[PDB]
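See structure below.
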Amino acid sequence: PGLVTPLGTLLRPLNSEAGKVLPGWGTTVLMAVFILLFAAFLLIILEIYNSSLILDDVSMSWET
Amino acid sequence: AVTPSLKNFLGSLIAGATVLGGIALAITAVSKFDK
Amino acid sequence: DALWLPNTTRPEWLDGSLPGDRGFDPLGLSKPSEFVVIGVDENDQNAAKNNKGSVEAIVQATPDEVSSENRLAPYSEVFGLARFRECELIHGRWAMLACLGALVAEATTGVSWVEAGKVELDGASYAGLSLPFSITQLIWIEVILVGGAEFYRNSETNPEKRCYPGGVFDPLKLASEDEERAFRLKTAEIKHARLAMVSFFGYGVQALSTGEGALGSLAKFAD
Amino acid sequence: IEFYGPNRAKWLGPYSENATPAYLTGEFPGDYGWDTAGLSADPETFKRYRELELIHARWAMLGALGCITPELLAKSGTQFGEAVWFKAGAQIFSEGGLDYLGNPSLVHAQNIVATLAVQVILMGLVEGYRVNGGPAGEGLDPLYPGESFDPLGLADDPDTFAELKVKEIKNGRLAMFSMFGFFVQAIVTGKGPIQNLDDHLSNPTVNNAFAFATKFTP
Amino acid sequence: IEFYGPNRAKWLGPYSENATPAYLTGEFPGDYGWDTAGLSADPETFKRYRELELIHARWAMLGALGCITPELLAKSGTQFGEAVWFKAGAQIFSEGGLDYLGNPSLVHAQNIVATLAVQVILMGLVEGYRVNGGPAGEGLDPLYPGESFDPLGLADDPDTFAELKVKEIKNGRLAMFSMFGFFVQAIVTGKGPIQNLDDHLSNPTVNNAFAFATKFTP
Ligand code: CHL
Ligand code: CHL
Ligand code: CHL
Ligand code: CHL
Ligand code: CLA
Ligand code: CLA
Ligand code: CLA
Ligand SMILES: CC1=C[C@H](O)CC(C)(C)[C@H]1/C=C/C(C)=C/C=C/C(C)=C/C=C/C=C(C)/C=C/C=C(C)/C=C/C1=C(C)C[C@H](O)CC1(C)C
Ligand SMILES: CC1=C[C@H](O)CC(C)(C)[C@H]1/C=C/C(C)=C/C=C/C(C)=C/C=C/C=C(C)/C=C/C=C(C)/C=C/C1=C(C)C[C@H](O)CC1(C)C
């Protein structure tokens with residue numbers, strides 16, 4: 001018994017799903033795979049930017 | 001087109017995985033031994 | 001009889017009542033699995049000793065695929081046949097129209113579906129006939145007409161008729177009032193849809209592989 | 001002329017090979033009773049040798065026809081680069097990778113160790129399916145599955161099915177003999193087999209096989 | 001026991017055709033069931049194959065470690081002249097005989113045929129002892145004797161002793177596989193194995209193995 005707007009009627013199924021969370025593990029292992037890939041990606045760009053990992057198309061000459 | 005930097009680099013991504021696998025195997029070798 | 005894995009372990013919630021049902025779940029994305037409901041924590045900081053959620057509290061909210069009336073999220077769950085049939089049919093019909101249209105445009109004009117925008121923003125030449133429009137007016141007309149079409153197709157409440165509407169307007173020839181004839185037509189349409197979606201995915205991968213035209217790739221193939 | 005029962009045609013002929021190895025009297029295709037070593041007195045071992053001979057025959061037909069075909073294509077109307085099944089391995093390291101079918105617009109594959117790893121994974125999965133079934137139908141016959149493997153249904157009549165068994169294993173023994181011929185002449189002539197056939201058509205009696213007999217001289 | 005019994009870790013995992021050949025169901029260490037050829041259908045023959053395999057394993061351990069050792073010693077703190085097992089055989093013919101550890105303060109034997117005669121005599125005596133059972137322990141088992149020549153004797157607890165059986169057999173199969181690798185590398189590269197490991201670490205994607213894949217061509 002609160003206040004009613006047309007947006008209050010519209011957006012209510014977005015604020016409906018309160019608590020429907022999965023038993024078991026779910027997508028946790030896949031999440032771990034994406035986290036390890038993201039960590040490896042950051043390690044790649046960090047060593048490129050430090051130039052501890054010299055590539056071919058990467059100049060690092062303050063020049064392009 | 002692999003430089004020697006990338007050559008000696010990819011062994012580290014191997015080696016860190018081997019270290020974490022050694023951690024996980026050291027967990028499994030005594031944990032499920034006891035239980 | 002004709003499964004993707006011929007006489008193997010079938011999924012439990014796939015039988016054959018649906019037309020293109022061949023027992024295909026390695027992932028099980030259409031599973032009838034329930035959802036453990038955890039209540040809200042004691043978020044009243046007037047008093048001491050607030051608490052947390054509730055572990056194995058509710059009877060886990062037996063999932064249903066009944067279409068409601070709410071224009072935002074009508075089906076009230078995503079993982080279910082009563083959404084996935086409609087999603088597969090709509091994606092397949094758009095893929096059939098798109099895969100035919102790319103080939104017909106490449107055959108007539110000679111410009112890819114990839115490079116069609118670059119030759120059609122400067123001149124609206126439908127087969128070289130110089131339509132008067134411009135890109136802004138095209139976006140306005142496209143958005144308002146396809147939006148009116150989608151807001152009128154969502155209004156149907158029958159979960160069968162949200163993909164198989166029937167009636168008078170869309171079935172102009174009334175060739176789907178039969179049982180077995182319409183079942184054969186649905187199980188033909190779903191196979192042609194499954195072909196066209198994979199081939200438009202192949203069009204996208206050929207576009208990623210440094211340009212194509214679906215016959216410009218064949219002109220690359222020419223020898 | 002029946003290849004079954006006690007009246008199967010021996011490999012010899014009208015000499016019926018008196019005092020046969022008595023542990024096989026028909027009941028299986030390809031039986032001629034030619035067991036001079038007699039390595040299969042135990043029936044379980046004999047079943048294992050049937051399995052192994054069957055799998056080697058069904059590999060050897062493809063191993064024959066894949067070694068015949070591209071040299072015919074290159075001699076007739078195309079060019080493949082290194083169209084000989086010796087240098088089909090060395091085609092990868094030649095210029096820019098292996099171009100299949102002699103076309104530098106299709107497959108164009110490099111990274112031979114990655115190709116080998118893909119080959120290892122695919123062959124391991126299909127062999128692990130091959131042994132104990134799983135998918136592709138229930139594991140029903142280690143010898144002759146043919147449920148979906150015979151999608152035209154030639155296993156209807158059992159007499160014609162045994163006829164196709166006998167034709168199958170006759171042709172399989174021929175293919176296994178021919179591939180050993182390819183492997184011996186691979187060391188001997190160092191050439192293509194169709195080139196060897198043309199050399200025999202040139203010299204049927206003066207360069208036939210014994211010109212290449214003084215090679216292995218210590 | 002997870003290692004052997006009705007639920008041993010079978011040699012292909014989930015695809016390991018979980019109904020073994022019925023002539024072996026556990027009862028011995030190192031049993032997975034990989035006799036697909038079926039060459040041990042008789043139990044006495046199977047016993048002979050164990051009798052051969054355990055002896056080959058126990059020689060394979062020492063044959064592995066004797067080849068791993070000297071290049072590691074030459075890298076760490078010593079030198080041997082020729083510290084490589086390839087040309088280690090010709091070191092008696094090298095200048096004046098062989099020097100163990102590279103040290104002419106110890107054995108330095110010459111007259112290689114006389115050393116071979118001493119080897120033949122001592123090996124004939126100890127192999128005859130291994131067959132029949134003689135001094136330094138009476139023969140009770142041809143494979144697992146377990147007597148006063150065990151200065152520690154870890155055959156007390158039966159479960160841990162079965163674990164040691166399984167570990168011995170697994171290390172034996174690994175040592176056999178390693179020595180077969182040493183022999184095939186001895187054929188192919190003509191180089192020391194630790195040198196080959198360093199060369200592969202220097203060039204992983206080019207000097208892997210397929211650089212040495214155009215050698216045995218006609
Ligand atoms: C009528 C007489 C008759 C004769 C003589 C043979 C002969 C033979 N048949 Mg048989 N057959 C005959 C009737 C029939 N056969 C068959 C169908 C078959 C089949 C399907 C098969 C046979 C096979 C055999 C062989 C069985 C043993 C073997 O493998 O020898 C092989 C060993 C030799 C022949 C010795 C090699 C002699 C060679 C000239 C040596 C070359 C000298 C070199 C220069 C030395 C190298 C020097 C080096 C060291 C530097 C044997 C040669 C088997 C076979 O052919 O296997 C090879 C076989 O698979 N026969 C049919 C139709 C049903 C017959 C009907 O009449
Ligand atoms: C499995 C069948 C197979 C066989 C028999 C061969 C053999 C050959 N390859 Mg090859 N390959 C095979 C598959 C593959 N190869 C390659 C990659 C390459 C490369 C890069 C090259 C070769 C080359 C060669 C030739 C080397 C000549 C030689 O070593 O003499 C030994 C062989 C014979 C004397 C006759 C062959 C049969 C004989 C009875 C011995 C075979 C023994 C066993 C049946 C094999 C063991 C089975 C395994 C599974 C344990 C020869 C044609 C080289 C070449 O091109 O030379 C011109 C070369 O450069 N191969 C790959 C991708 C990784 C394969 C995948 O399956
Ligand atoms: C997950 C699936 C799985 C797969 C695919 C395998 C695979 C294998 N296991 Mg295995 N295992 C698997 C699960 C498990 N295994 C084991 C523990 C063991 C053990 C102890 C052993 C195996 C062995 C084997 C082999 C048995 C078949 C064989 O002999 O190869 C025959 C087929 C080939 C050799 C084909 C190889 C293809 C190769 C690329 C050819 C090379 C191409 C050349 C270029 C061509 C040649 C050219 C010429 C000139 C020479 C096979 C490689 C046996 C083994 O390692 O033998 C060596 C063995 O002793 N496994 C465990 C723990 C319980 C598992 C649990 O998951
Ligand atoms: C039994 C094990 C044994 C093995 C494998 C070898 C092998 C070798 N010895 Mg040798 N020897 C062995 C014992 C003995 N040797 C010698 C005395 C010498 C001398 C003076 C010389 C050698 C040399 C050699 C090399 C010869 C190259 C060659 O022929 O390539 C063929 C071999 C391969 C390509 C590798 C193996 C392939 C294959 C797996 C062979 C295995 C055969 C059988 C399976 C194992 C034997 C079974 C036995 C029980 C009958 C090679 C490293 C020569 C050398 O060092 O040159 C630089 C040399 O001058 N040996 C004595 C004292 C009399 C031995 C007694 O134990
Ligand atoms: C938990 C323990 C731990 C942690 C956090 C670190 C952390 C670090 N060490 Mg270190 N180290 C450790 C233990 C550890 N060490 C031990 C035990 C030793 C003794 C052997 C050493 C010896 C050592 C040396 C000698 C050096 C380091 C260095 C470093 C630094 C850089 C390492 C790098 O770039 O690799 C990056 C590694 C990763 C990003 C991990 C790989 C993860 C990717 C995504 C792969 C995914 C996992 C992979 C698949 C494997 C899984 C197996 C699979 C089968 C499941 C970093 C701070 C260096 C240093 O000090 O810098 C100056 C250095 O030179 N370490
Ligand atoms: C000509 C050789 C030949 C013959 C006579 C047979 C005969 C038989 N096979 Mg068989 N097989 C062969 C080759 C052959 N096979 C090869 C090479 C393989 C490996 C690919 C197999 C794999 C195989 C399996 C896995 C199974 C059989 C089965 C059978 C049996 C029943 C099926 C049947 O009637 O086949 C009759 C076959 C023919 C009449 C041969 C026709 C040859 C055509 C005309 C040539 C076409 C080749 C083509 C051009 C290749 C390129 C196409 C490719 C690019 C897609 C019968 C014993 C089944 C069985 O016994 O279970 C009951 C079974 O499960 N076979
Ligand atoms: C000295 C060689 C030798 C011998 C005699 C045996 C003997 C035996 N093994 Mg065994 N094995 C060996 C080496 C050997 N093994 C190696 C090197 C490995 C590791 C790959 C294994 C891994 C293994 C497993 C995983 C299992 C056995 C099993 C068995 C037993 C039954 C199988 C049988 O009948 O084998 C009889 C053996 C022979 C007739 C020897 C044939 C020698 C041929 C001629 C060698 C050349 C062919 C070879 C395949 C070439 C390719 C080499 C390549 C694979 C590296 C039997 C006691 C089973 C068991 O229960 O264990 C007790 C079992 O499940 N083996
Ligand atoms: C019965 C009897 C009796 C008495 O008593 C005793 C005795 C004598 C022992 C017996 C006999 C036996 C025999 C005869 C055996 C034989 C075998 C063989 C020959 C096999 C082959 C076998 C053969 C085979 C498998 C083959 C295979 C093949 C292959 C893989 C191939 C492959 C390939 C191809 C595709 C093509 C490409 O490009 C390349 C290559 C890579 C080249
Ligand atoms: C089981 C089965 C089953 C199924 O059914 C069938 C089949 C498959 C047939 C089967 C298999 C088999 C196999 C695989 C086998 C293998 C083996 C081996 C490899 C061995 C090694 C083996 C190896 C070995 C012993 C080795 C040894 C070594 C040695 C002594 C060394 C010595 C030495 C040294 C110290 C150093 C110096 O300076 C010198 C010399 C003098 C040189």
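Each chain of the structure tokens is named A, B, ... in the order shown, its residues numbered from 1; ligands are numbered from 1 in display order.
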
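Those residues of chain B that fall within 10 Å of chain A when using only C-alpha atoms read residues 1, 2, 3, 4, 5, 6, 7, 8, 9 and 13 of chain B.
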
Could I have chain D as a CSV table (one decimal) with C-alpha atoms, in the first residue's frame after it is superimposed on chain E by least squares, pairing all C-alpha atoms in sequence order?
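Generated output (result_12.csv):
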chain,number,residue,atom,x,y,z
D,1,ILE,CA,42.3,-44.7,-6.0
D,2,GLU,CA,42.8,-48.1,-4.5
D,3,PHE,CA,44.3,-50.1,-7.4
D,4,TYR,CA,42.9,-53.4,-6.2
D,5,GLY,CA,39.7,-55.5,-6.2
D,6,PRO,CA,37.1,-54.8,-8.9
D,7,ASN,CA,37.4,-51.0,-8.3
D,8,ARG,CA,40.9,-50.4,-9.6
D,9,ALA,CA,41.4,-47.3,-11.6
D,10,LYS,CA,41.5,-48.1,-15.3
D,11,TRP,CA,44.1,-46.6,-17.6
D,12,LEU,CA,41.3,-44.9,-19.6
D,13,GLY,CA,39.5,-43.3,-16.7
D,14,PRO,CA,35.8,-43.1,-15.9
D,15,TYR,CA,35.4,-45.2,-19.0
D,16,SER,CA,35.8,-48.4,-17.1
D,17,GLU,CA,36.5,-50.5,-20.3
D,18,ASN,CA,33.4,-52.6,-20.4
D,19,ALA,CA,34.0,-56.3,-21.3
D,20,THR,CA,37.4,-56.5,-19.6
D,21,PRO,CA,39.8,-59.3,-20.2
D,22,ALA,CA,38.2,-61.3,-17.4
D,23,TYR,CA,41.3,-63.3,-16.3
D,24,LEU,CA,42.4,-60.5,-13.9
D,25,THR,CA,40.3,-58.7,-11.3
D,26,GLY,CA,42.7,-57.2,-8.9
D,27,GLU,CA,44.8,-59.5,-6.7
D,28,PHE,CA,48.1,-58.2,-8.1
D,29,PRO,CA,49.7,-54.8,-8.3
D,30,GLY,CA,49.8,-52.7,-11.4
D,31,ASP,CA,46.7,-54.3,-12.9
D,32,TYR,CA,44.8,-51.9,-15.2
D,33,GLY,CA,43.4,-54.6,-17.4
D,34,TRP,CA,45.0,-53.2,-20.6
D,35,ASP,CA,45.3,-56.5,-22.5
D,36,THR,CA,44.5,-55.6,-26.1
D,37,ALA,CA,46.6,-58.4,-27.6
D,38,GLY,CA,45.8,-60.6,-24.6
D,39,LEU,CA,49.0,-62.6,-24.7
D,40,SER,CA,48.5,-64.2,-21.3
D,41,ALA,CA,45.2,-66.1,-21.2
D,42,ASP,CA,47.1,-69.0,-19.5
D,43,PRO,CA,47.9,-68.2,-15.8
D,44,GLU,CA,51.4,-69.8,-15.8
D,45,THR,CA,52.4,-67.7,-18.8
D,46,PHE,CA,50.8,-64.7,-17.1
D,47,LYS,CA,53.0,-65.4,-14.1
D,48,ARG,CA,56.0,-65.6,-16.3
D,49,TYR,CA,55.2,-62.2,-17.8
D,50,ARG,CA,54.8,-60.7,-14.3
D,51,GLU,CA,58.3,-62.0,-13.5
D,52,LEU,CA,59.8,-60.7,-16.8
D,53,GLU,CA,58.1,-57.2,-16.4
D,54,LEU,CA,59.3,-57.0,-12.8
D,55,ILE,CA,62.9,-57.8,-13.7
D,56,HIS,CA,62.9,-55.4,-16.6
D,57,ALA,CA,61.6,-52.6,-14.4
D,58,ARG,CA,64.2,-53.2,-11.7
D,59,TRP,CA,66.9,-53.1,-14.4
D,60,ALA,CA,65.3,-50.1,-16.1
D,61,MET,CA,65.5,-47.8,-13.0
D,62,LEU,CA,69.2,-48.3,-12.7
D,63,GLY,CA,69.5,-47.9,-16.5
D,64,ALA,CA,67.8,-44.6,-16.3
D,65,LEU,CA,69.7,-43.1,-13.4
D,66,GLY,CA,73.1,-44.2,-14.6
D,67,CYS,CA,72.4,-42.5,-17.9
D,68,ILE,CA,71.2,-39.3,-16.2
D,69,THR,CA,73.9,-38.9,-13.5
D,70,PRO,CA,77.4,-38.3,-15.0
D,71,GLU,CA,76.2,-35.7,-17.5
D,72,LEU,CA,74.8,-33.7,-14.5
D,73,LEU,CA,78.1,-34.1,-12.7
D,74,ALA,CA,80.1,-33.0,-15.7
D,75,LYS,CA,77.9,-30.0,-16.4
D,76,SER,CA,77.8,-29.0,-12.7
D,77,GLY,CA,81.3,-29.4,-11.2
D,78,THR,CA,83.5,-32.1,-12.7
D,79,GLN,CA,84.9,-33.4,-15.9
D,80,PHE,CA,84.8,-37.0,-17.0
D,81,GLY,CA,86.4,-37.0,-20.5
D,82,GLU,CA,83.6,-38.6,-22.4
D,83,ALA,CA,80.8,-38.1,-20.0
D,84,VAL,CA,78.0,-39.2,-22.4
D,85,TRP,CA,76.6,-42.8,-22.2
D,86,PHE,CA,77.3,-43.3,-25.9
D,87,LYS,CA,81.0,-42.8,-25.6
D,88,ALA,CA,81.2,-44.4,-22.1
D,89,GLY,CA,81.9,-47.6,-24.1
D,90,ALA,CA,84.6,-45.9,-26.2
D,91,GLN,CA,86.4,-44.4,-23.2
D,92,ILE,CA,88.5,-47.6,-22.9
D,93,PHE,CA,90.3,-47.3,-26.3
D,94,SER,CA,90.8,-43.5,-26.0
D,95,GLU,CA,94.2,-42.9,-24.2
D,96,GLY,CA,95.3,-45.4,-21.6
D,97,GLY,CA,92.1,-47.1,-20.5
D,98,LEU,CA,88.9,-46.0,-18.7
D,99,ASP,CA,89.6,-43.7,-15.8
D,100,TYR,CA,86.5,-43.8,-13.6
D,101,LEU,CA,85.1,-40.6,-12.2
D,102,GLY,CA,87.3,-38.5,-14.5
D,103,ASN,CA,90.3,-39.1,-12.2
D,104,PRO,CA,93.6,-40.5,-13.6
D,105,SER,CA,94.5,-41.9,-10.2
D,106,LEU,CA,91.7,-44.4,-9.7
D,107,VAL,CA,90.5,-47.4,-11.5
D,108,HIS,CA,92.4,-47.0,-14.8
D,109,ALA,CA,91.2,-50.2,-16.5
D,110,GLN,CA,92.3,-51.8,-19.7
D,111,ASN,CA,91.9,-55.3,-21.3
D,112,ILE,CA,88.3,-55.0,-22.3
D,113,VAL,CA,87.9,-58.7,-23.1
D,114,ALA,CA,89.2,-59.5,-19.6
D,115,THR,CA,86.6,-57.1,-18.2
D,116,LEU,CA,83.9,-58.8,-20.3
D,117,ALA,CA,85.0,-62.2,-19.0
D,118,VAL,CA,84.9,-61.1,-15.4
D,119,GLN,CA,81.4,-59.6,-16.1
D,120,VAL,CA,80.3,-62.9,-17.7
D,121,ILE,CA,81.5,-65.0,-14.7
D,122,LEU,CA,80.0,-62.6,-12.0
D,123,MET,CA,76.6,-62.2,-13.8
D,124,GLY,CA,76.3,-65.9,-14.5
D,125,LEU,CA,76.9,-66.7,-10.8
D,126,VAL,CA,74.5,-64.1,-9.6
D,127,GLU,CA,71.8,-65.1,-12.1
D,128,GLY,CA,72.2,-68.8,-11.2
D,129,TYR,CA,71.7,-67.7,-7.6
D,130,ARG,CA,68.8,-65.5,-8.6
D,131,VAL,CA,66.7,-68.2,-10.2
D,132,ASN,CA,66.7,-71.1,-7.7
D,133,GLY,CA,68.1,-69.4,-4.6
D,134,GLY,CA,70.9,-71.5,-2.9
D,135,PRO,CA,72.8,-69.0,-0.8
D,136,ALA,CA,71.5,-65.5,0.4
D,137,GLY,CA,68.6,-67.2,2.0
D,138,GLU,CA,66.5,-70.1,0.8
D,139,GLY,CA,64.8,-69.6,-2.5
D,140,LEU,CA,61.4,-68.6,-1.4
D,141,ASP,CA,59.9,-66.1,-3.8
D,142,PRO,CA,60.8,-65.7,-7.5
D,143,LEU,CA,59.0,-62.4,-7.5
D,144,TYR,CA,59.4,-60.7,-4.1
D,145,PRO,CA,62.1,-62.4,-2.0
D,146,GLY,CA,62.9,-59.5,0.5
D,147,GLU,CA,64.2,-61.6,3.4
D,148,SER,CA,67.6,-60.1,3.5
D,149,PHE,CA,66.8,-58.0,0.5
D,150,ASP,CA,64.6,-55.8,2.8
D,151,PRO,CA,67.1,-55.2,5.5
D,152,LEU,CA,65.1,-52.2,6.9
D,153,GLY,CA,61.9,-54.3,7.0
D,154,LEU,CA,59.3,-52.4,5.0
D,155,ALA,CA,57.3,-55.6,4.4
D,156,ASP,CA,55.7,-55.6,7.8
D,157,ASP,CA,52.2,-54.3,7.1
D,158,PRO,CA,50.6,-56.0,4.1
D,159,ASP,CA,48.5,-53.0,3.1
D,160,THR,CA,51.5,-50.7,3.0
D,161,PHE,CA,53.4,-53.5,1.3
D,162,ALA,CA,50.8,-53.6,-1.5
D,163,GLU,CA,51.1,-49.8,-1.6
D,164,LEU,CA,54.8,-50.1,-2.2
D,165,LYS,CA,54.1,-52.8,-4.8
D,166,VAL,CA,51.9,-50.4,-6.7
D,167,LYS,CA,54.3,-47.4,-6.4
D,168,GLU,CA,57.1,-49.8,-7.4
D,169,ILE,CA,55.5,-51.0,-10.6
D,170,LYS,CA,54.1,-47.5,-11.5
D,171,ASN,CA,57.7,-46.1,-11.2
D,172,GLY,CA,59.0,-49.2,-13.1
D,173,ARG,CA,56.6,-48.7,-16.0
D,174,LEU,CA,57.7,-45.0,-16.1
D,175,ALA,CA,61.4,-46.1,-16.1
D,176,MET,CA,60.9,-48.6,-18.9
D,177,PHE,CA,59.1,-46.0,-20.9
D,178,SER,CA,61.8,-43.4,-20.4
D,179,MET,CA,64.6,-45.8,-21.4
D,180,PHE,CA,62.9,-46.5,-24.7
D,181,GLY,CA,62.7,-42.7,-25.0
D,182,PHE,CA,66.5,-42.6,-24.5
D,183,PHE,CA,67.0,-45.4,-27.1
D,184,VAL,CA,64.9,-43.6,-29.7
D,185,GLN,CA,66.5,-40.2,-29.2
D,186,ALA,CA,69.8,-41.9,-29.2
D,187,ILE,CA,69.3,-42.7,-32.9
D,188,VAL,CA,67.5,-39.4,-33.5
D,189,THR,CA,69.4,-36.5,-32.1
D,190,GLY,CA,72.9,-38.1,-31.5
D,191,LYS,CA,73.3,-35.9,-28.3
D,192,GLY,CA,73.0,-36.0,-24.6
D,193,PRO,CA,69.5,-35.9,-23.1
D,194,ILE,CA,70.3,-33.0,-20.7
D,195,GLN,CA,71.6,-31.2,-23.8
D,196,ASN,CA,68.3,-32.0,-25.4
D,197,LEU,CA,66.5,-30.5,-22.4
D,198,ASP,CA,68.6,-27.4,-22.7
D,199,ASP,CA,67.8,-27.2,-26.4
D,200,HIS,CA,64.1,-27.5,-25.6
D,201,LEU,CA,64.5,-24.7,-23.0
D,202,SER,CA,66.1,-22.6,-25.7
D,203,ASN,CA,63.5,-23.4,-28.4
D,204,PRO,CA,60.3,-24.7,-27.0
D,205,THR,CA,58.3,-24.3,-30.2
D,206,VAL,CA,60.7,-23.9,-33.2
D,207,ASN,CA,63.2,-26.7,-32.5
D,208,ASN,CA,61.1,-29.1,-30.4
D,209,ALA,CA,61.0,-32.5,-32.1
D,210,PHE,CA,60.0,-32.0,-35.8
D,211,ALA,CA,63.3,-30.4,-36.8
D,212,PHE,CA,64.7,-34.0,-36.6
D,213,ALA,CA,61.9,-35.4,-38.8
D,214,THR,CA,63.6,-35.4,-42.2
D,215,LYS,CA,66.4,-37.7,-41.4
D,216,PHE,CA,65.4,-41.1,-42.7
D,217,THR,CA,64.9,-40.2,-46.3
D,218,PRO,CA,65.8,-43.0,-48.7

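For chain A, backbone-based DSSP labels the following residues as helix (DSSP H, G or I): residues 6, 7, 8, 9, 10, 28, 29, 30, 31, 32, 33, 34, 35, 36, 37, 38, 39, 40, 41, 42, 43, 44, 45, 46, 47, 48, 49 and 50 of chain A.
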
Selection near segment 165-179 of chain C, 12 Å with only C-alpha atoms, sequence-local residues under 5 positions removed, as an mmCIF file with C-alpha atoms, in the first residue's frame:
data_model
loop_
_atom_site.group_PDB
_atom_site.id
_atom_site.type_symbol
_atom_site.label_atom_id
_atom_site.label_comp_id
_atom_site.auth_asym_id
_atom_site.auth_seq_id
_atom_site.Cartn_x
_atom_site.Cartn_y
_atom_site.Cartn_z
ATOM 1 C CA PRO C 19 8.608 -30.472 -33.674
ATOM 2 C CA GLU C 86 10.003 -18.393 -29.372
ATOM 3 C CA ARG C 153 3.553 -8.803 -31.263
ATOM 4 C CA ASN C 154 4.260 -8.813 -27.520
ATOM 5 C CA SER C 155 0.581 -8.124 -26.738
ATOM 6 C CA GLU C 156 -0.479 -11.714 -27.455
ATOM 7 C CA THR C 157 -0.991 -13.747 -24.290
ATOM 8 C CA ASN C 158 -1.217 -17.300 -25.677
ATOM 9 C CA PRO C 159 2.218 -18.974 -25.237
ATOM 10 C CA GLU C 160 1.505 -21.038 -28.347
ATOM 11 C CA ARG C 184 5.401 -31.415 -40.734
ATOM 12 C CA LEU C 185 5.514 -27.731 -41.714
ATOM 13 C CA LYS C 186 6.741 -26.729 -38.244
#

Requested in this report: Pull the strand (DSSP E or B) assignments for segment 24-138 of chain C out of DSSP run on the backbone, and list those residues as an NGL selection string.
Outcome: :C and (36-37 or 124 or 131)

Selected residues written out, C-alpha atoms, as an mmCIF file, in the first residue's frame:
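Output file again-v6.cif is given in full below:
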data_model
loop_
_atom_site.group_PDB
_atom_site.id
_atom_site.type_symbol
_atom_site.label_atom_id
_atom_site.label_comp_id
_atom_site.auth_asym_id
_atom_site.auth_seq_id
_atom_site.Cartn_x
_atom_site.Cartn_y
_atom_site.Cartn_z
ATOM 1 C CA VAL C 36 16.531 -21.764 -3.431
ATOM 2 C CA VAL C 37 14.913 -18.655 -1.943
ATOM 3 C CA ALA C 124 19.827 5.339 -51.376
ATOM 4 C CA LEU C 131 15.478 6.780 -53.283
#

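For the choices B:10, B:29, B:21, B:34, the atom-to-atom distance to ligand 5 is smallest for B:21 when using only C-alpha atoms and all ligand atoms.
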
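By chain and then residue number, the residues within 9 Å of residue 72 of chain C are residues 10, 11, 12, 13 and 14 of chain A, counting only C-alpha atoms and disregarding those fewer than 4 positions away in sequence.
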
Residues as selected, N, CA, C and O atoms, written as a short mmCIF file (atom, residue, chain, number, x, y, z; two decimals), in the first residue's frame, can you do that?
data_model
loop_
_atom_site.label_atom_id
_atom_site.label_comp_id
_atom_site.auth_asym_id
_atom_site.auth_seq_id
_atom_site.Cartn_x
_atom_site.Cartn_y
_atom_site.Cartn_z
N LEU A 10 5.47 -0.49 -14.48
CA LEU A 10 6.39 -1.03 -15.48
C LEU A 10 7.55 -1.76 -14.83
O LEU A 10 7.77 -2.95 -15.08
N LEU A 11 8.31 -1.08 -13.98
CA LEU A 11 9.60 -1.60 -13.55
C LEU A 11 9.50 -2.65 -12.45
O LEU A 11 10.53 -3.11 -11.96
N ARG A 12 8.28 -3.03 -12.05
CA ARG A 12 8.11 -3.98 -10.96
C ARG A 12 8.64 -5.39 -11.21
O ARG A 12 9.21 -5.97 -10.27
N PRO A 13 8.53 -6.00 -12.41
CA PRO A 13 9.19 -7.31 -12.60
C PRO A 13 10.70 -7.26 -12.55
O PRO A 13 11.33 -8.30 -12.35
N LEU A 14 11.30 -6.09 -12.74
CA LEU A 14 12.74 -5.98 -12.53
C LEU A 14 13.07 -6.06 -11.05
O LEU A 14 14.09 -6.64 -10.66
#

Which residues come within 8 Å of residue 114 of chain C, counting only C-alpha atoms, excluding same-chain residues fewer than 5 positions away, as a compact mmCIF listing (two decimals) with C-alpha atoms, in the first residue's frame?
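Result written to out.txt:
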# COMPACT_ATOMS: atom_id res chain seq x y z
CA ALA C 207 33.51 -11.18 -42.28
CA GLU C 212 33.99 -11.27 -47.76
CA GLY C 213 30.77 -10.84 -49.66
